[PDB]
């Protein structure tokens, strides 16, 4: 019992070893799990298998997604494992009910959604519409969309880019150094190249904003209503704002969102990553190069990205209509 309190202490002490998001979801799950326990006269820690099973079935009855429920169990599992205690998933009660929840839901029709693709055709169209704008916000959003499509970097990674991370090739193309991704933490890091055209877009943003006045300034910053950019070495442009750019750009071309309330009705943070991967698959780009561009080590993720390739223009329809 002293081991448990000490094991948890060490995790909290070195809390920076984990992602801020991992912590944020840990607490979120704990609130949900603790509130349910209080209301059902159960002990929230350490978690008893039978209780966790009743709780996961409650989550299913609430109509939550399979990947949502897995997250709640996962966080429960981490809290226990890193305490030095057995996990709920170490028992049949919990591991079987999770298999059961996943099976029942998939059979009921559940499938994991995917972001609406932001592909080359969308990029060229947005560019032709926005490229002649002298508006500071338009010069920024166009430079952002360029980088997102060119590099397949997560919006959180783009937000972290600082001026000092930018270098050039012998041919004058921009190179962006990334030291940290979701799956890689290195001092060697990775280099993302930008095409001549995308480079030009970023160059225009740099001169109009004044970001290069301090090498520590983040490349992307907020632009206030009077069209003046406010560069900062301490404050990143939020992922929410970056998601907003994707959405505003979708609104610019296609109008308001459908009323369904579903996710992925407009472009979002993940859109350019999937769009670029699809364009690569379609152009016949070899797998090694696809993964080099996406920064992926395993080939299974390519199938994740291209799963929703348009079947009406798919290989089978085209072959049969011979």
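Numbering follows the first chain given and starts at 1.
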Stretch exceeding the other in mean C-alpha B-factor - 282 to 290, 26 to 34: 282 to 290
262 to 270 set against 249 to 257, stretch whose average Cα temperature factor tops the other in the entry: 249 to 257
From 128, 151, 71, 77, residue of greatest CA B-factor: 128
Highest recorded Cα temperature factor - choice among 114, 167, 239, 141: 167
Residue 106, C-alpha B-factor rank within chain (lowest, middle or highest third): middle
Assigned third (lowest, middle, highest) for the C-alpha B factor of residue 13: highest
Among modelled residues of the same chain, the CA temperature factor third for residue 230: highest
Cα B factor band for residue 94 (lowest, middle or highest third within the chain): middle
Cα B factor band for residue 174 (lowest, middle or highest third within the chain): highest
